[PDB]
Protein chains: 4
Amino acid sequence: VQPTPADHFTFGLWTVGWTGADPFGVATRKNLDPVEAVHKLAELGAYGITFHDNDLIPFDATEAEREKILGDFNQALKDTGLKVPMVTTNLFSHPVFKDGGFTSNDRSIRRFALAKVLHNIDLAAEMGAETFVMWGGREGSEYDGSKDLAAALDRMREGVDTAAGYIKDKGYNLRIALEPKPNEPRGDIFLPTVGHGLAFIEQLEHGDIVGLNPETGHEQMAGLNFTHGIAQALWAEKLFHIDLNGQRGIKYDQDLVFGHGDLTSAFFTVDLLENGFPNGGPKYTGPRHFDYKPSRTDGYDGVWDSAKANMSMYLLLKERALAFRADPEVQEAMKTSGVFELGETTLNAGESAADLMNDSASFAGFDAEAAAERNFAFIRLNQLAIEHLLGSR
Amino acid sequence: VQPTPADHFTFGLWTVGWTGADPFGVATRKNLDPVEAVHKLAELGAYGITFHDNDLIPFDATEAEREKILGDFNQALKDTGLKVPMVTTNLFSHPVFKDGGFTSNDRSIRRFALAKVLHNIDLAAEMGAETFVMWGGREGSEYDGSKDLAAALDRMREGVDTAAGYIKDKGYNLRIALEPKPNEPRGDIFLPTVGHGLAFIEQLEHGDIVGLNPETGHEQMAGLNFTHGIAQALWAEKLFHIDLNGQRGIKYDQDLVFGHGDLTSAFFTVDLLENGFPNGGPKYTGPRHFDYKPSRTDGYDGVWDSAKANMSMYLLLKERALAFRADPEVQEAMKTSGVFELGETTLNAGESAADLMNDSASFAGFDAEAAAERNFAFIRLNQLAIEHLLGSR
Amino acid sequence: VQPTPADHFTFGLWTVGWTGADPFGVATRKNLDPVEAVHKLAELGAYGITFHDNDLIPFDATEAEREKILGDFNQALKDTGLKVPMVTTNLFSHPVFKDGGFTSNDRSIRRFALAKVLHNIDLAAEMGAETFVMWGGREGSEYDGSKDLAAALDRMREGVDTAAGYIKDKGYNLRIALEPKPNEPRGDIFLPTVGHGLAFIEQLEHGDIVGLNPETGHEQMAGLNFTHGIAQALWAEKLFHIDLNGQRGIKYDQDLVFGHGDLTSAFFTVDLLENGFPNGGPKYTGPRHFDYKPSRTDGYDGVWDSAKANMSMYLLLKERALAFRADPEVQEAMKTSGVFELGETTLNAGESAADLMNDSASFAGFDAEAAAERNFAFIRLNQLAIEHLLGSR
Amino acid sequence: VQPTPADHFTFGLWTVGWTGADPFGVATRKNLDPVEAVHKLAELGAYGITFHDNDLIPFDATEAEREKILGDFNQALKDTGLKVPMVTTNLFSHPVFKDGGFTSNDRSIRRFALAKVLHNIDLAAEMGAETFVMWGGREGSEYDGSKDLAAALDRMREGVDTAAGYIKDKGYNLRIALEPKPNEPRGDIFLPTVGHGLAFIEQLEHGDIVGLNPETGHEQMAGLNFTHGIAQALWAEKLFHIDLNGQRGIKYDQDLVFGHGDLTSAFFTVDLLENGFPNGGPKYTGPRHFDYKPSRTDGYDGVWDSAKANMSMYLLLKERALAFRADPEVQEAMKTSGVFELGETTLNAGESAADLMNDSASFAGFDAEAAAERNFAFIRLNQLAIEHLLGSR
Ligand SMILES: O=C(O)[C@H](O)[C@@H](O)[C@H](O)[C@H](O)CO
Ligand SMILES: O=C(O)[C@H](O)[C@@H](O)[C@H](O)[C@H](O)CO
Ligand SMILES: O=C(O)[C@H](O)[C@@H](O)[C@H](O)[C@H](O)CO
Ligand SMILES: O=C(O)[C@H](O)[C@@H](O)[C@H](O)[C@H](O)CO
Ligand SMILES: [Mn+2]
Ligand SMILES: [Mn+2]
Ligand SMILES: [Mn+2]
Ligand SMILES: [Mn+2]
Ligand SMILES: [Mn+2]
Ligand SMILES: [Mn+2]
Ligand SMILES: [Mn+2]
Ligand SMILES: [Mn+2]
């Protein structure tokens, strides 16, 4: 292992700072000081730290307290060299956000959420963040008639497009990244998966600077294939940031360390981030952000153990995935299975729809029964990936 | 109840024609003749019938057999007055489609699937169908390294855009509707949910004539809110057709009658189709297609019972949903909950992002603690919908 | 439908007292005085109230304080007539319980947990409770090597049999009801479904006074049929108590009002509680207790509304379920479908295994193809159930 | 890793013989001769073979035919040395079984089903099988009013105890293993998880020779922890047989190769089969049987590859799991985390309930806040497990 700043491992302040309060209990750990957080993270090899406004500045802080807090925060960063690649806003914890921020049924709450976002964009720019994340955790319902579903999407669009136009207007060097989640805390959250968030961006006025922030556990809560979903985000040129962690099944958001959930899927997620596609195409080159929470049963030694473990897991997987694609038995297994063949266009250069209809050999004279005998050998190809993952090859 | 042709209830030939073979067993019923199917459906009050190419014409039929089959098929339609509003292609049952049609790793299978589609578009136009459905049931994988994920999306786009351009080229009065499904028969299917299919259409060249065909059970297999998902399809002006049925949970595709799954959700799905949105907006005005399968434990009297039951359920729900929105106690409950308030824009006419930042009353001077006391009364609003559904109000 | 004490509607103090704090936010409501809870519940028609030791008496309460609180609560009960049918222990909120109470890895903690339970049994006995519920919420793990799994079950048995032995020794009229939950707060909880609960009971020294307390949402969190699960509990004569609420899918514990989740499943649970089994069998006669949470979006008028909605939902489903079984049309459908034939023993009186194998009629000359023609008509029977539920009959 | 008969790897004839037909398509492979299956499995290192009556002898086979087939199969076994450790009955493919075998609503069908089982017990006894498996796949319903649920369990008990009584009367060395499945082919299956299976067993007249046959994918279809479920079965001494395969989430039964689904859960099941419980306890000693299906995409080279992959996966996980527990670092972590402390009884020898309540140290003066400071370090122990699994240690 041994991580270093060129690995681009970023951690949020609320991950290691998570004190243990869940739905059935109180915090099991003492609050973590943010200057301490910076120092410890930089000592482990992180490249940067991210935060929610209220993670650093209390909802209630006076103007004087904000500047005291920020001064110490900026010095620590200076002292350590940590960057601040992403900033986000808390629009879910205070009781006023109980029906949402942007899609709140109450118009005056909608304005208060939008103004909270606009000011946070100014702090984002001041920190040097390149990405502004939006997780609409209270946007949704428990009951289907609680909302006008079309109106709720117009209210999401107005917030996002107002914030985008403000970036554009001030010339900040920022992009917005929406973060999908199917449920929790709302029974149903608007833009529940990667797909829904991607579709939504194409209806915006300022869509050009809006992309996604997929999170491993979140798509797994709908039982979806995380690698498939980020592949589609990537393919669309919309993969602006990523949140890595672990989930074991369809249940509450667990936020385990990356690799302590669905292991095989974590492997293939690292193969796509690191290696990209077999035939060539787009590559994700942003930071590798860890959005997890250290288990409440463990003390502060577990908090720092857990932060090291995110980084170890990703470097271990990376290693096995570089060996796997490099392996000449794998390259030949891939060629047998048609992996490279999928990269050839279906139509010949210049062929038209009529052309192919009239080509006797692709339809009228085609031997469907003989084409069906092909052994794709997908099981053998899967067996080679796992043996590479078990460090057996 | 009593359905009639202006209700626009359509049924596929494979629904009532489904003989009972599942994964653990053989058919429990005798094949159903398609001319018989037409006659029985028209006697029950259906408006039209849909089919998959191989539902009517065997994979193997000679040219002479196709014309014999079609002649009897067109006469029956003539004799009864049934329309053929949608046509689809089978790209999943024959062994050649074991890795897909359009995204098959084998290039020669990809061409054979595209040519099967092109010819089926010609038959679609000849029948008077307005919608051409695409369900990519074998497009996917069991193993994550079986495919180049970016290449698979380029191969889906080439098929869909070739077929779209062919419609455009021939001037057919047809639209393509993609049908999402998360898994089954593939471990992971490409375009698994409504969101993924919507996003995918915005990357097409001929996107303008491509929309969706959501199916109740399919989004429920990812645990998603069906009403939320069709609302987003509707909002985007992409809801071209719909498949109605029932699913009880995350498991194999059940295809129960509409209303024999998640009942409350079926109610709200009928409220959106029939009533549209509380504040006004788009409306779905196409056919109400039933994609279900009569339970294998029941005989042919159950097949026709089951077909009547789809229609009864939808008319019963429609009735309760018209009474519910008409109810002045509901209208007032809605007004209390902020349902109409969500329709007001957040920003005042002419207000800019800077304006709102500088409005002291929406941020600096806002009383967050007092705005948080609002009783949204969503529980009471839900209680009134259910009492309307139980026929208690 | 107006509930009367006769109905046996019970509520926990923690249900209407839930303040609204979840994993992503703070409480939206002020604390509820217990005296008020009791008077309010008495005015809505409740039969009784239930609590957890610490819902009433704080963890750190001095003796003078405990005494005061108890005097206020017993006063309230005397004034209103409410019964206290069940009492339970909080073995999950204090940080000491982060790895469980009975199955904590630390033995000193296991001893405290058990001491905490014994004292609470004393109190339960003084309040006149007939049921003692155990919900082991922190018993389990996030990771598979965290526990010696055979030892976790011995530890569980030790605590549960010590509690049972103490009851018996003291002569208290109390029975223990175990409550399953598959996950949350722990990634995996021991004794996760009704089945595991019932199995464990059979390995107990004192299993005769140990039974189950199934909760609607908890079985639905694993996707199981709640009506099937309570029928196995009844069939084993082990249905001691029941917790009713609603759950809309596989996700975090929603604790919605009973009937506000899966509606048809609620219909059929009410039928089973009220009508018993179609061929006869045991019947459940305890409290109809609701363990739900008033959505956090709602203010105090919402709290009493939701409390009320639980009892109306139940009464409304009861009216329909009684009508359903009293309908002649329904009885005829049940007979046709073989619902009373299931009650006839397969063998003849004094017919042995050998006698049957040798009966030629049942095996060797049985006409399987003819027997397979039966039209069970399950679809039509389900249609009739739903038409009774929608009150269209 | 090369399997030897010593390993006890068993395979069903139906596993490598699966032809590829699913609900959406026809078979992609030709039928497998049983003689060949036996010789092929013998050359890969299998210990034994298993079958369903009709996998071998067709439903309609004449006596001369049955005799031939049996002569060919016994020849093969004599030639290769394969054992036949388990035999089962097909009570699900023929249309007669559309509502179940033992719990069919039709009594004539219940009698046939039971006759079919008795005859198969005879055969199982002649083949030298030690285990008789029952998988009640059609036992259940799609709709909640289809069954009298108490009567369904009496019917189940009647069949299972008749089969058990017959074994005992005939003096056969056979034990019955019940196999749970939550859904598919039926919407809801009776005895859906290990827990329900174990519970039912305790109501049986002859439960002493009746145990369980859990299948990896089946418990994962309800989202349960397979390793936790088999540990309860072991703890009750009721783990008679096991079926290994892989499942990637809550969906249709995938029947993937063991290790090709949830990898860490497979690691920890292998640890439990091989290392037993950390503090000691019962150990499983039967066959390691694989009930999977070679993906239908793959031709016959894929079939033998997949058969082989099952035994390599298992051997590879075994090597890692043995190394994991033998590591000193791991043993130290286990001790710290309190894995051996769980094995110490909570009470002291001859310490009663009263003695404990009165012990001041355990209750009244227990320092809960100090006890809560323990760092269980479960994260670090899980990290060590995964590093042994990836072979980076
Ligand atoms: O605990 C929290 O603060 C949230 O879970 C976040 O981690 C969100 O998932 C989102 O990434 C940023 O708001
Ligand atoms: O059984 C089938 O023929 C399929 O399940 C269809 O019903 C698809 O869902 C799709 O709508 C049309 O191909
Ligand atoms: O909210 C709570 O305090 C708990 O969730 C309980 O309600 C459990 O569900 C159990 O029924 C009683 O401990
Ligand atoms: O494919 C099959 O024939 C069945 O699914 C079986 O394999 C069951 O899973 C059970 O283990 C044996 O009846
Ligand atoms: Mn998360
Ligand atoms: Mn996140
Ligand atoms: Mn379907
Ligand atoms: Mn469909
Ligand atoms: Mn609950
Ligand atoms: Mn409960
Ligand atoms: Mn299986
Ligand atoms: Mn099996």
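Only this structure's heavy atoms are used, side chains among them; waters, hydrogens and symmetry mates stay out. Numbers restart at 1 for each chain; the letters A, B, ... are given by sequence-line order, proteins then strands.
More than 12 non-hydrogen atoms from other residues, nucleotides or ligands lie less than 6.0 angstrom from NZ of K168(A). Atom CD of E332(B) has 12 or fewer neighbouring heavy atoms from other residues, nucleotides or ligands inside a 6.0 Å radius.
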Would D255(B) and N245(B) satisfy side chain to side chain donor-acceptor pair (under 3.5 Å), going step by step from the backbone distance to the final call? CA-CA 6 Å; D255(B) 291 347; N245(B) 60 19; 3.1 Å; yes
Any chance you could lay out the salt bridge (charged side-chain N to carboxylate O under 4.0 Å, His left out) test for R248(B) and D262(C), step after step, and finish with the verdict? CA-CA 9 Å; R248(B) 299 186 54 206; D262(C) 176 354; 5.0 Å; no
Verify side chain to side chain contact (heavy atoms under 4.5 Å, CB included) between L347(B) and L114(A), making sure each step is shown before the conclusion. CA-CA 9 Å; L347(B) 288 173; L114(A) 177 55; 4.2 Å; yes
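A salt bridge does not link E341(B) with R107(A): none of the charged nitrogens is closer than 4.0 Å to a carboxylate oxygen. With respect to the salt-bridge test (charged N to carboxylate O, under 4.0 angstrom), the residues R186(A) and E139(A) do not qualify. A salt bridge links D271(B) and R325(B); the closest N-O separation between the charged side-chain nitrogens and carboxylate oxygens is under 4.0 Å. Ion pairing of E329(B) with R393(B) is present here, as a side-chain N (NZ or NE/NH1/NH2) and a carboxylate O approach within less than 4.0 Å. Between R111(A) and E351(B) there is a salt bridge, with a side-chain nitrogen of the basic residue lying less than 4.0 Å from a carboxylate oxygen of the acidic one. Taking the charged nitrogens against the carboxylate oxygens, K147(A) and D99(A) do have a contact shorter than 4.0 Å, which makes a salt bridge.
Taking every heavy atom of both residues into account, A113(A) and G101(A) meet most closely at CB-CA, 3.4 Å. Closest heavy-atom contact between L381(B) and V339(B): CD2-CG2, 4.0 Å. Among all heavy-atom pairs drawn from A46(B) and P5(B), the shortest one is O-CG, 3.9 Å. Across all their heavy atoms, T193(A) and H196(B) have their closest contact at OG1-CE1, 3.3 Å. Taking every heavy atom of both residues into account, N105(A) and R110(A) meet most closely at O-NH1, 2.8 Å. For the pair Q232(A) and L153(B), the tightest heavy-atom approach, listed with the atom from each and the gap, is CA-CD1, 3.7 Å.
Side-chain polar atoms of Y314(B) and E319(B) form no donor-acceptor pair below 3.5 angstrom. Side-chain contact check for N213(B) and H241(B): at least one donor-acceptor pair (N or O, by modelled atom type) lies under 3.5 Å. A donor-acceptor pair shorter than 3.5 Å can be found between the side chains of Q383(B) and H260(C). Counting only N and O atoms by type, the side chains of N279(B) and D148(A) include a donor and acceptor under 3.5 Å apart. No side-chain donor-acceptor contact under 3.5 Å links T89(B) and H52(B).
No close placement of the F200(B) and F190(B) rings is indicated, their centers lying 6.0 Å or farther apart. Annotation: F290(B) is in aromatic contact with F9(B) [ring centroid separation under 6.0 Å]. Not less than 6.0 angstrom separates the ring centroid of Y143(A) from the ring centroid of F378(B).
Annotation: cation-pi pair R138(A)/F92(A) absent, no NZ/CZ under 6.0 Å from the ring centroid and within 45° of its normal. For the pair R175(B) and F240(B), the cation-pi test (distance below 6.0 Å, angle within 45°) is passed.
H388(B) and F324(B) have tilted rings, their planes meeting at an angle from 30° to 60° on a 0 to 90° scale.
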